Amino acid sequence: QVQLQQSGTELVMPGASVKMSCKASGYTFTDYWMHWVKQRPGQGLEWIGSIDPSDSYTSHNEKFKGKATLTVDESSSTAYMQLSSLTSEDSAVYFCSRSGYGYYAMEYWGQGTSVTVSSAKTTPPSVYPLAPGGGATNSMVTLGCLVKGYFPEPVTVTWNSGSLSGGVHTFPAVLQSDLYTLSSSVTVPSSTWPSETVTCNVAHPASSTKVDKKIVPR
């Protein structure tokens, strides 16, 4: 069975370059074209360029000629794409893919390399408890936790160490200034809070941060 193995993530400074790999296996490497596809967060697929591993003949999306350099290493059955002078416009997932034999549907895909371009340093989150104020209604209370000013992604938000799984919405992170911010809401019966404890657990592996914020009235 054919597989295309790509590194999961790259964090890179604005103006720097990155070279990402696509290691192929399970077929004759030089018999098939390899392709590189860009996907911005929440956007469609964009073809960057393609390479024939037999002689490294390439074809590029015009926009990427001078930006994306495509190579292979036959010995290691690996295709590479180097992107240069990175900006926030290059923050995206980059997929490699392989076509058929003399046919050009993209039959196999790598898992994609997620590139984040930022000069921000590793920053732990400020975790703020979001408590209501008496006039909460429904027989159901919504609590929240604001996870603000951290870098890089991801943070893991759980409630009461994972025992609170139903009724929680943890929203995708958003860039605020040059740091990430997200919130998590948990909706819970009025019995269970504040009578029993509700605590959000915010793990930020990159900064070795593990913060528990108890939601307390006022």
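Position 1 is the first residue in the sequence shown; the rest follow in order.
Between 54-62 and 153-161, it is 153-161 that carries the larger average Cα temperature factor according to the deposited entry. Remark: stretch with higher mean C-alpha B factor among 144-152 and 72-80 is 144-152. Set against one another, the Cα B-factors of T113, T116, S85, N138 in the record reach their highest point at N138.
Sorting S184, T30, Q39, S191 by the CA temperature factor given in the entry leaves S191 at the top. In the PDB entry, a CA B factor belonging to the middle third of its chain's modelled residues is recorded for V127. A206: CA B factor lies in the highest third for its chain, per the PDB record. Annotation for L4: C-alpha temperature factor in the lowest third relative to the rest of the modelled chain, per the entry. Per-chain ranking of the deposited C-alpha B factor places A173 in the middle third. Among all modelled residues in its chain, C22 ranks in the lowest third by Cα B-factor.
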